[PDB]
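Here's the letter readout for the chains.
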There are 2 protein chains.
Amino acid sequence: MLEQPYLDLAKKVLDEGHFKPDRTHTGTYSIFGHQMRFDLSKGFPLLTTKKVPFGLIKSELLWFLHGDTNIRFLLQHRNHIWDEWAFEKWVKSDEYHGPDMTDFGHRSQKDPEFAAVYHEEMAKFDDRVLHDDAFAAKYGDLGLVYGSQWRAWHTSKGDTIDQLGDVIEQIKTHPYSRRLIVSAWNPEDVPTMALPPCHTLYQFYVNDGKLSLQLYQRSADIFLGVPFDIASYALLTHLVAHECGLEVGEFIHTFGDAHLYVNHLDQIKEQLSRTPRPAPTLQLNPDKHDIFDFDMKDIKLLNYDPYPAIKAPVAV
Amino acid sequence: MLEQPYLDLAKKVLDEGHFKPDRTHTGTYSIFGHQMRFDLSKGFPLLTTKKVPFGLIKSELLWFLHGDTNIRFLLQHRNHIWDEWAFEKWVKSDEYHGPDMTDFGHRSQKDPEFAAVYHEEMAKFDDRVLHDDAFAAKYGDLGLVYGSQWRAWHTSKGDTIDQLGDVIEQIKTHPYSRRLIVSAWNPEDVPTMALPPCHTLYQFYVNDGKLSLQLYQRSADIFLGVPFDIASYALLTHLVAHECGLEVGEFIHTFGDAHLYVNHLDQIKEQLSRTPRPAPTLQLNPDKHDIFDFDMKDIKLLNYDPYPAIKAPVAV
Ligand SMILES: Nc1ccn([C@H]2C[C@H](O)[C@@H](COP(=O)(O)O)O2)c(=O)n1
Ligand SMILES: Nc1ccn([C@H]2C[C@H](O)[C@@H](COP(=O)(O)O)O2)c(=O)n1
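Rules and cut-offs
Residues numbered from 1 in each chain as written, not as in the entry; some residues may be left out. Chains lettered and ligands numbered in written order. Heavy atoms only, no water. Pairing = 2+ DSSP bridges. Helix = DSSP H or I, 4+ residues; strand = E, 2+ residues; numbered from the N terminus. Axes fitted to C-alpha atoms, helices over the stretch in contact; angles between N-to-C directions. Contact = heavy atoms within 4.5 Å. Buried < 20%, exposed > 50% of the residue type's maximum accessible area, 1.4 Å probe, protein only. Right-handed = clockwise from strand over helix to strand, strands pointing away. Parallel < 35°, antiparallel > 145°, perpendicular 65-115°, else oblique. Nonpolar A, V, L, I, M, F, W, Y, C, P; charged D, E, K, R; others polar. Near = heavy atom within 4 Å. Polar contact = N/O pair within 3.5 Å; in protein donor to acceptor, adjacent residues only side chain to side chain. Least-squares fit on C-alpha atoms. Buried area = accessible area lost by both parts, 1.4 Å probe. Salt bridge = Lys/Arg side-chain N within 4 Å of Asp/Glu carboxyl O. Expected span 1.5 Å × (residues − 1). Arc of directions from axis to C-beta. Areas by Shrake-Rupley, 256 points an atom, 1.4 Å probe, with all protein chains shown as cover.

Header annotation of the entry names X-ray crystallography as the structure determination method and lists the resolution as 2.5 Å.

Student: Pulling in residues and values, what's your account of the sheet that holds strand β1 (residues 18-20) of chain B?
Tutor: Residue and element names in this part refer to chain B. Strand order in the open sheet formed by six strands is β1-β2-β8-β7-β6-β5, with mixed pairing between adjacent strands. Sheet topology places β1 and β5 (181-183) at the edges, where each strand pairs with a single neighbour. Between one strand axis and the next, the sheet turns through 20° on average, direction left out of account. Strands in contact with helix α1 (residues 4-15) are β2 (28-39) and β8 (247-261); relative to β2, the strand with the most contacts, it is inclined by about 160°. Helix α10 (residues 226-243) rests against β2, β6 (199-207), β7 (210-221) and β8 of the sheet, and its axis sits at about 160° to β8.

Student: Report on the pairing of β8 of chain B, specifying residues and quantitative values.
Tutor: All names here are of chain B. In terms of burial, β8 is largely enclosed, as 13 of its 15 residues are buried. Here β2 runs beside β8; their pairing, made up of eleven bridges, is antiparallel. Note that in β8 the partner of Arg-37 across the bridge is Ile-252. When β7 meets β8, the two strands line up parallel, connected through ten bridges. The residue of β8 that forms the bridge with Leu-211 is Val-248. As for the winding sense of the linkage, the β-α-β connection from β7 through α10 to β8 is right-handed.

Student: Requested: an account of the packing of helix α4 (residues 83-91) of chain B against helix α6 (residues 112-131) of chain B, with residues and values cited.
Tutor: Residues and elements named next belong to chain B. Relative to each other, α4 and α6 sit at 90°, their axes nearing to 11 Å. With respect to their mutual orientation, α4 and α6 come out roughly perpendicular. The segment α4 lies against α6, with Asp-83, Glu-84, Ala-86, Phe-87 and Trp-90 engaging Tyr-118, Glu-121, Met-122, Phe-125, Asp-126 and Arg-128. Its residues assigned to classes, the contact of α4 with α6 comprises six nonpolar, no polar and five charged.

Student: Lay out the sheet that holds strand β5 (residues 181-183) of chain A in plain terms, naming residues and giving numbers.
Tutor: Residues and elements named next belong to chain A. What the six strands build is an open sheet, ordered β1-β2-β8-β7-β6-β5; its pairing is mixed. Only two strands of the sheet have a single neighbouring strand rather than two, namely β1 (18-20) and β5. Across the sheet, the mean angle from the axis of one strand to that of its neighbour is 20°, orientation sign disregarded.

Student: Give me the site of ligand 2: which residues, what numbers.
Tutor: Taken together, 14 residues are adjacent to ligand 2, and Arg-178 of chain A together with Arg-23, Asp-221, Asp-229 and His-259 of chain B come closest. One chain alone does not account for the residues near ligand 2; they come from chains A and B. In the model, an oxygen atom of ligand 2 is placed 2.8 Å from a nitrogen or oxygen of the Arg-23 of chain B side chain. In this structure, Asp-229 of chain B approaches ligand 2 through a side-chain N or O atom, which is 2.7 Å from a nitrogen atom.

Student: So what's going on with the relation of the copies chain A and chain B? Which residues, and what values?
Tutor: The two copies are related by a screw motion: chain A maps onto chain B through a turn of 180° and a shift of 0.0 Å along the axis, at an RMSD of 0.0 Å. Viewed as a symmetry operation, the transformation between the two copies matches a two-fold axis. Closest to the rotation axis within chain A is the C-alpha of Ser-156 of chain A, separated from it by 1.7 Å. Most of the interface of chain A is mirrored in chain B, where 100% of its interface residues are also at the interface.

Student: Explain the interface of chain A and chain B residue by residue, including any values.
Tutor: Taken together, the contacts link 53 residues of chain A with 53 residues of chain B. Together chain A and chain B conceal approximately 4500 Å² of surface at their shared face, both sides included; 55% is due to carbon and sulfur atoms. Taken together, chain A and chain B are joined by four salt bridges. The shortest N-O distance in the salt bridge between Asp-22 of chain B and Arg-178 of chain A comes to 3.0 Å. The tally of links from chain A across to chain B stands at 31 residue pairs in polar contact. When residues of the side of chain A that touches chain B are traced back to their parent elements, those giving at least two are β1, β2 (28-39), β3 (153-154), β5, β6 (199-207), β7 (210-221) and β8 (247-261) of chain A. No other element matches β2 of chain A, which puts eight residues into the side of chain A that touches chain B.

Student: Quick one: what's the story with α1 of chain B, residue by residue and with numbers?
Tutor: Residue and element names in this part refer to chain B. Helix length check: α1, at twelve residues, gives a terminal C-alpha distance of 16 Å against a target of 16 Å (1.5 Å per residue), a fit within 8%. Regarding α1, the residues found buried are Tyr-6, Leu-7, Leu-9, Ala-10 and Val-13. End-on view of α1: buried residues confined to an arc of 155°, all on one side of the axis. Check the buried side of α1 and you find it contacts β2, α10, β8 and α11 (265-271).

Student: Now, about the site of ligand 1: what can you tell me, with residues and values included?
Tutor: Near ligand 1 there are 14 residues, and of these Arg-23, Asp-221, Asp-229 and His-259 of chain A together with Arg-178 of chain B occur at the shortest range. Surrounding ligand 1 are residues belonging to chains A and B, so the site spans chains. Between ligand 1 and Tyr-261 of chain A, the relevant distance is 3.3 Å, taken from an oxygen atom to a side-chain nitrogen or oxygen of the residue. Measuring from an oxygen atom of ligand 1, one finds a side-chain N or O atom of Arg-178 of chain B at 2.8 Å. Notes on ligand 1: free accessible area 460 Å², of which the protein chains cover 81%. When contributions to the shell around ligand 1 are tallied by element, the ones reaching two or more residues are β7 and β8 of chain A. Examining the composition of the shell around ligand 1, we find that five residues originate from one element, β7 of chain A, more than from any other. Partitioning the shell around ligand 1 into residue classes produces four nonpolar, four polar and six charged.

Next up, the structure:
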């Protein structure tokens, strides 16, 4: 099946995976150096062995393609992947005058009392970001997130570069270019950033009329993160291909530190006992070509028949 | 043998390698996406199937580690790898009042007359860079070459970042960090640069007391370039390991566009008919630890018994 490489990655890390401490305090099983190849002409790489929320992937990816860095758009689309980060900022400023939301995340999973209190407080924050237009501007804007890295790279001369836009133009004018790279890693910023981008950079390639893309992900959570990452970049490959009027080639996923958190081993083995089903199809609005103008209704995933969802705790 | 992965890369590109036009006008055979793994505890990855000049690799690498961007240092060490680039600049300014050094490189290989004239003119330029202290400052300084990318990244606030230095400090204080990345790709600069760096970025990794490194090379000339690239980064891995007092792990070489220029096929097959010999050893000065203070005499390659050199034309 199309997802076999991902299951193979799950196996070897379990086998060859050498223990390694980490940032949080849940140990990990890690490997270093690995590459996966997904032939996009054979189906869409959304896992069938475990239900993955494709709705969350589209909305997030669009948020990126719009050069947007504000969480209002995501909330506006029921997406809550980036809430925690904007929330951390809110809670730490002189304006917050609520409960003990200090070092929250870990504590939420710790005890019932807080899990509710935190959820009450979070909801309130989201509400303001959704309606208090000025609040959204202060505590809702993440600042240096992918959207601004891909489409508004700040230069040392006060300007902003639209890396992705220019790369798309290069594809159309010089398809056989080996310089079609887009970078998310900026040495000036990583030092103080909350979370240096995991998807460090990606490169485009054209031949035989097909576009392929290789991603370099410095760090990867094999159970919870990788199933999403494959989908966001495989999707992106389709989009750029559509805009440039090309056929899709492959998505090549390269890793630095690929790891399986220790508290996910049962679920991972749980997942390794099922048989992958045929891959879903992806059809895009043929009327629209400029991907920067895409909306949710423009991307349609066809007949995705996955196994039930598998729950697991976030390593904090 | 240790170099088998490189020969395997030579084979498949010859086999799977699909034709693809390129920047110059010598066609190429290309593949996209590929990774090699060199266990540095088994020997040093300098090719035995064809004599590779290790002297040129050390001098160039030191030039990088010194944050230096001036060609005087290289010439001072009989290294001429970066001459052409500084030369191009000289020839194109109001000060040059010599012959028809216009669009030179290609023409040199074209006809005898020019090949000599160009060599006479080049030598003169080098001489000044070596002795005319002020000339060396104008036409000898390459500007944005690896040395300044790795050790003097310019920020949007007038400062400079020593990426490599800081990464070395992170290794020593937080060995299990998945953020030990060093980037050579700066979106602000690539637009006008003569040659965007091929060695886009590299990542460090620590486990079991051993340091490993993965490189992401957007473009690679399989015959003339790759044998050098492996050596420079394998060497670098040893150095950082030595300074941080760690054992060497592996060097993982990842490629974007790996290609074999059409006018190198005979030589490549010529090279594929020999049997690799045992790998040379690398011993470093045990008295010195700060690699930024290393000199040529500090790096010693032991018993490297290679096959004769194979000549081939530069694709221009
Ligand atoms: N979609 C995502 C988002 C994040 N991560 C993971 C990588 C690491 O598990 C953690 C970041 O930790 P660190 O910055 O120290 O690498 O988040 C991932 O694999 N996929
Ligand atoms: N040591 C080096 C130096 C350069 N290159 C090669 C990669 C390409 O063959 C060419 C650069 O072309 P472009 O910038 O269009 O990729 O130089 C390489 O492989 N190894």
